[PDB]
RNA sequence: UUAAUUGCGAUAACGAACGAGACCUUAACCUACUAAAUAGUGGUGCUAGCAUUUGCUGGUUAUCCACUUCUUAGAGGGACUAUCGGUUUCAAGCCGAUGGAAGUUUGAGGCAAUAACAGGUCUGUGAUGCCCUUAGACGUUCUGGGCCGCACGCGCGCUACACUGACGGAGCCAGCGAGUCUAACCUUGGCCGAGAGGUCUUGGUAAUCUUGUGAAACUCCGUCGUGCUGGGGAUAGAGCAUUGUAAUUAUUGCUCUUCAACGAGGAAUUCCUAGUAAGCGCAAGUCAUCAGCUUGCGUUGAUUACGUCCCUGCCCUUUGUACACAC
Ligand SMILES: [Mg+2]
Ligand SMILES: [Mg+2]
Ligand SMILES: [Mg+2]
Ligand SMILES: [Mg+2]
Ligand SMILES: [Mg+2]
Ligand SMILES: [Mg+2]
């Protein structure tokens, strides 16, 4: 039951594409930088975005990603 | 009437902690800038009022039980100053929803 | 069904048989003798102050007793 | 009667009408390379070890 | 070798001290004892006869020493239990007020419990003399 | 080894427990190896514990109760049937009495005896009512080693409960009667017969 | 001047504060010693912090303990917890970490609840049933 | 007397006042004006006052004995 | 507080006011077999007679038995504050009585007989076999009582 | 695959909205900020007690110092499944170890879409249309009864049938609430009485007083020993008090005593997956008193499975229809 809404996924995909040099493979820095490069109305929602983004980009280190 | 310490105690309760925090932080900072001897704010255990009631105006339906709440925060702030200096900043700018209770201590 | 008082034809059986019992309880005495519960209850109370068997555990409602030596 | 041991390898899936039964693929630690599937009731994991009375019977209730 | 009433189990502490009161023989029982059940939650009176008042006194005597000031109401609550109220469910029923008050009054005559102007009844200077002496007894045999 | 002088004088019987992590004060946790295969890794050994009563978070997952200690496992299965739901203090004292009684006889390791008993009385082959209806057939199924142990622990308890119900007997000795009967193997106890009934029905409808 | 620590230990409703500081090997819990905790079957349930690390690590410390809240066995879990953390926090600040560390690995390997509170918390009941998840017995007839 | 006083003032941005619209819906219908006509009138003004969305629900029998309830909506409405 | 052993100077079951007291049981709960006497009324009078509670009503003496029967018919003369008897403040004389075993029915029938005579709602309920204490009989106590 | 039309994917659809989620409240942590005599702690200005050579406790905060560890509430920090391993079309995800206060949507609720029901409510309303009644009233009030009447059938409940026990003495720990000057509310303590209870004083408009609601279950020791027995208190006669103007149809509480079925319950059937089921009581609602009821709160705390369509219900797709007021 960990399937995320499109709001988490779309924001995570949009964020990483235009900010890949800014992001880093660590979640603690990713959630910290997200507070200034995006406006999120809840820390729980912001963590879900940063939790998926640090999950998407480990797979970026493993070959390509479609989309 | 020349710097007569009176042991003045102010008690504040409300229902909106957002509005209550505005008033409490003002008297506290007012005494801080007037370098009083200040007993910092003490927040009482926020009392909660419960009324459970059946949703149905009739008796027909599944046994559903709603319950409403009121939240009663409470603070008491004690100040140490002459009567004249503190009465000018207490009679005015009282934000609504905060019933002010100023009392005098004789301890 | 079961005896209720103590007499010599029942007392000598108690003395001659209780040694070499590995385990003695209120019910075991009621099973292996004609004594009742309280008669069994004064059994484990009495014969230990004669020291014939050794106490390992002491608890109300439950006899935990072992033959001495 | 020669009771024999068996050791689970793959939990092939859950079966039975009510979901109780399981089909697991077991192996024999004595007289190895004999692999048979069995219809098992309780919870089970990988590398699990169990006991079988007989080896001359496959697991039937599949799919 | 300092021994207060803290270093003996409360089971054999009361048994010794009630037996200390047994040989003392001047506890001033009120005379209507050995017949009352001491609680509506109790359906038959206390089984012991010769020393149950000594049991009640000694158990209570610990309570004032443990606590600060205790009226009859606290001791009334403490020793009451659950009442079989019949075909209806159980409920805590307060115990008897006549005995435990007189138990306090009886122990007042000994010189153990004061009048405690800050509440109910409190310990005395002579209150813990026998207590700590019996406590000194109960640890070392 | 040598006595240590503390301002709180701790009794000698309890202070010696540090030299070997035993049970309460008397019984050990060594040589508890299981004579019967397929039940090792599914009965808790080599986790020394001081008590049969713990606040054990063991049901939140699928197999956390597999690591639940077996002397706690039997206490929890005992504390049931309406008038004994809850009250684990009743369960821990009953086994405290039962472990005393069981070592009164048969001087060997008490945990080894119940380990022998749980191996002996575990439903070895169970039936399954294949087909979704009353007019159906039973089919014999090899039982899981956990399910063998988990069910049979209740078979020790349900036998002693029947023995202790409306009888002169008490539950501690009847339990200590039920563990010694299962460990030996007699078909005299309740648990072995109920295990045997499941086997005899199973062989008929393989 | 005198070195001391003070740690807490909480359960479903119980709590316990213990002050670990230099002494001569004293344990005291509400006045009565650790040997006099209640009941007799749960006496030993608090000795594991002593038994795992040894009385040899208690030579030069005295322990004062208070416990409140919850129910009878819940305090015993709370008493054994704040005692365990009290020693660990004491040996951290004034002794080398390995003494604290050896305590930590020993306690965690046996029972993690000595240094960690049990996060299992009660679930409130819901209308339509006396339990948190249990429901009223409907009929359909 | 004198311990209670009144200051009457005017609500700004009237189109965002759900209560104030309700009587203007009530007053238009009490004259004889068409229920469809008034409900379209109120939502257009509310929407043009900067609102993200407005929903107007009239319920009750209308020109037929068997009562029917109909809605009138615009913009974005959320419910949870 | 001491424990004393016992010896079998026994006598078996005997009658007691036409109510055969059951033997082999403790005296207080043996006197519960006496009608109109409960666990309370047996415990107190046995303590009055100075008898040990652990006599088991089998190794007793006739001298103690003739003492307690006097306490049976005449209880107020053995230090009771008279709130402890079976029939408090009776109708016939205003005196507190303790009707003994055999005749509880006689004062029970006479009580209903008076209620039958007075033609009160209670007495009419008794003759009809209904519930007198206001208990509902619509769907409870249907076939019996 | 998910709890989810939740997502990945395939793809004549693409881009969206509502709903789900997100959100909010509440429980779980913080030796890091703010503090506190309406909370607690340690020392001690001032002292006090004993067993003693130092442990606990009466205490005092311009009749002392310091602080938030615990209690509290403001600001935050914290979890997003985190790292790794396994597996999947190597995607969405699921399993396990470890670390962590916490890894079942973190636990639970509040809200919750379109369309609908001839569902229920005219007995909440001075929300309301039509009909009826309107002076001998279906309007309003007073007295008494009835709603509780009792051959019977059915539903929700409490007490049990005993030793995993009852009884007696002892040990003896909670949390959520409520409480009167807009007057007789929560009540402490003293006195008297077996008890219920009576009387006098006392604190509290309430983190202060009831209150630490010293609840019960539970724990220690003794009485009972399988006997419808001391399990069971139904039923019934007496007396004693309280609330009420009134307790009779027993309002209820207390004491003696009377002492039934009930020996685990046919067909059939109810709810429930971890601080959960169950046991146990407590607080509030109603209320002058009456709970066997409900809503919450705490105490003790199981068994069993991480699955399926076998029954039951619902939903979807295909298909048939002479149904559409829709079997
Ligand atoms: Mg939505
Ligand atoms: Mg929710
Ligand atoms: Mg209809
Ligand atoms: Mg509380
Ligand atoms: Mg109701
Ligand atoms: Mg066709």
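What follows draws every value from the coordinates through simple rules; no lab data is involved. Here Cβ is always computed from backbone atoms with ideal geometry, including for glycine, and neighbour counts include all displayed protein chains.
Considering only residues that are buried (at least 17 other Cβ atoms within 10 Å of the Cβ) and assigned to a loop (DSSP other than H, G, I, E, B), which ones fall in the range E:7-28? Scanning the range E:7-28 gives E:7, E:8, E:27. Residues that are within 16 Å of ligand 1 (Cβ to nearest atom) and more than 14 Å from chain A (Cβ to nearest Cβ) are absent from the range H:43-51.
Could you tell me whether residue G:46 is closer than 20 Å to residue E:10 by Cα, in contact (Cβ under 8 Å) with a residue 12 or more places away in the chain, more than 7 Å from every other protein chain (Cβ to nearest Cβ) and within 12 Å of the chain's Cα centre (by Cα)? The answer is yes for residue G:46. Looking at the range C:44-54, is at least one residue surrounded by 18 or more Cβ atoms within 10 Å (Cβ to Cβ) and within 12 Å of chain I (Cβ to nearest Cβ)? Yes. Looking only at residues of the range F:177-194 that are closer than 23 Å to residue C:30 by Cβ and surrounded by 23 or more Cβ atoms within 10 Å (Cβ to Cβ), we find that the one that is nearest to the chain's Cα centre (by Cα) is F:179.
Considering the range H:52-80, the residues that are more than 16 Å from ligand 1 (Cβ to nearest atom) and on the phi > 0 side of the Ramachandran plot include one that is nearest to the other protein chains (Cβ to nearest Cβ), namely H:60.
All told, residue H:24 meets the bar of being away from chain B (no Cβ under 14 Å), in a helix (DSSP H, G or I) and either away from RNA strand J (no atom under 16 Å from the Cβ) or free of Cβ contacts under 8 Å to residues at least 24 places away in the same chain (or both). Quick one: would you say residue H:74 is surrounded by 14 or more Cβ atoms within 10 Å (Cβ to Cβ), more than 10 Å from RNA strand J (Cβ to nearest atom) and in contact (Cβ under 8 Å) with a residue 24 or more places away in the chain? Answer is yes for this residue. Within the range C:32-45, can one find any residue that is more than 11 Å from the chain's Cα centre (by Cα) and outside any loop (DSSP other than H, G, I, E, B)? No, every residue in the range C:32-45 fails to be more than 11 Å from the chain's Cα centre (by Cα) and outside any loop (DSSP other than H, G, I, E, B). Scanning the range G:91-116 for residues that are more than 11 Å from every other protein chain (Cβ to nearest Cβ), surrounded by 15 or more Cβ atoms within 10 Å (Cβ to Cβ) and within 26 Å of residue F:21 (Cα to Cα) yields G:91, G:92, G:99, G:100, G:102, G:103, G:104, G:107, G:114, G:115. In this structure, does residue E:3 turn out to be closer than 26 Å to residue I:54 by Cα and within 6 Å of RNA strand J (Cβ to nearest atom)? It is false that residue E:3 is closer than 26 Å to residue I:54 by Cα and within 6 Å of RNA strand J (Cβ to nearest atom).
Considering every residue within the range F:112-125, establish whether at least one is surrounded by 18 or more Cβ atoms within 10 Å (Cβ to Cβ), without any contact (Cβ under 8 Å) to a residue 40 or more places away in the chain and either within 14 Å of chain D (Cβ to nearest Cβ) or under 24 Å from residue F:76 (Cα atoms) (or both). Scanning the range F:112-125, I find no residue that is surrounded by 18 or more Cβ atoms within 10 Å (Cβ to Cβ), without any contact (Cβ under 8 Å) to a residue 40 or more places away in the chain and either within 14 Å of chain D (Cβ to nearest Cβ) or under 24 Å from residue F:76 (Cα atoms) (or both), so the answer is no. With respect to the conditions (1) away from chain D (no Cβ under 14 Å); (2) buried (at least 21 other Cβ atoms within 10 Å of the Cβ); (3) outside any loop (DSSP other than H, G, I, E, B), residue F:89 falls short on a single one, namely (2). Could you say whether any residue in the range G:53-74 is part of a helix (DSSP H, G or I) and buried (at least 22 other Cβ atoms within 10 Å of the Cβ)? Scanning the range G:53-74, I find no residue that is part of a helix (DSSP H, G or I) and buried (at least 22 other Cβ atoms within 10 Å of the Cβ), so the answer is no. Could you run through the range E:45-66 and say how many residues are more than 20 Å from residue I:1 (Cβ to Cβ) and within 11 Å of another protein chain (Cβ to nearest Cβ)? Going through the range E:45-66 one residue at a time, the tally reaches 2.
Candidates C:33, C:15, C:39: the one that is more than 11 Å from chain I (Cβ to nearest Cβ) and surrounded by 14 or more Cβ atoms within 10 Å (Cβ to Cβ) is C:33. Across the range F:1-20, the qualifying residues are those that are assigned to a helix (DSSP H, G or I) and either at the interface with chain G (Cβ under 8 Å from one of its Cβ atoms) or touching a residue at least 12 places away in the same chain (Cβ under 8 Å) (or both), and the one among them that is farthest from residue G:34 (Cα to Cα) is F:19. Does residue F:103 satisfy the condition of being more than 14 Å from chain D (Cβ to nearest Cβ) and outside any helix (DSSP H, G or I)? For residue F:103, the condition - more than 14 Å from chain D (Cβ to nearest Cβ) and outside any helix (DSSP H, G or I) - is not met.
Just to be sure, is residue E:109 under 15 Å from the mean Cα position of the chain (by Cα), surrounded by fewer than 13 Cβ atoms within 10 Å (Cβ to Cβ), away from ligand 1 (no atom under 16 Å from the Cβ) and more than 14 Å from chain I (Cβ to nearest Cβ)? Yes; evaluated as a whole, the condition is true for this residue. Of everything in the range C:18-30 that is farther than 27 Å from residue I:12 by Cβ and buried (at least 17 other Cβ atoms within 10 Å of the Cβ), the residue that is farthest from the other protein chains (Cβ to nearest Cβ) is C:18. For the range D:1-22, a residue qualifies if it is within 12 Å of another protein chain (Cβ to nearest Cβ), within 13 Å of the chain's Cα centre (by Cα) and within 11 Å of RNA strand J (Cβ to nearest atom), and the qualifying residues are D:11, D:15, D:21, D:22. Condition test on residue I:98, is it free of Cβ contacts under 8 Å to residues at least 12 places away in the same chain and closer than 30 Å to residue E:47 by Cα? In short, no.
Counting only residues that are facing another protein chain (nearest Cβ under 10 Å) and either assigned to a helix (DSSP H, G or I) or surrounded by 21 or more Cβ atoms within 10 Å (Cβ to Cβ) (or both), the range F:153-176 holds 7 of them. Scanning the range B:76-93 for any residue that is more than 21 Å from residue B:105 (Cα to Cα) and loosely packed, with under 14 Cβ neighbours inside 10 Å turns up at least one such residue. Looking at the range I:24-101, the helices (runs of 4 or more DSSP H) lying wholly inside it that each contain 2 or more residues that are more than 23 Å from residue I:1 (Cα to Cα) and more than 11 Å from every other protein chain (Cβ to nearest Cβ) sit at I:62-73. Residues that are in contact with a helix residue (DSSP H, G or I) (Cβ under 7 Å, 6 or more places away or on another chain) and not in a helix (DSSP H, G or I) were ranked within the range C:3-31; the one that is farthest from residue F:98 (Cα to Cα) is C:6.
Starting from residues that are touching a residue at least 24 places away in the same chain (Cβ under 8 Å) and over 28 Å from residue E:129 (Cβ atoms), keep the ones in the range E:58-93 and report whichever is nearest to ligand 1 (Cβ to nearest atom). Taking the candidates together, the pick is E:92. Within the range H:45-71, the set of residues being in a strand (DSSP E or B), more than 15 Å from the chain's Cα centre (by Cα) and within 8 Å of RNA strand J (Cβ to nearest atom) comprises H:68, H:69.
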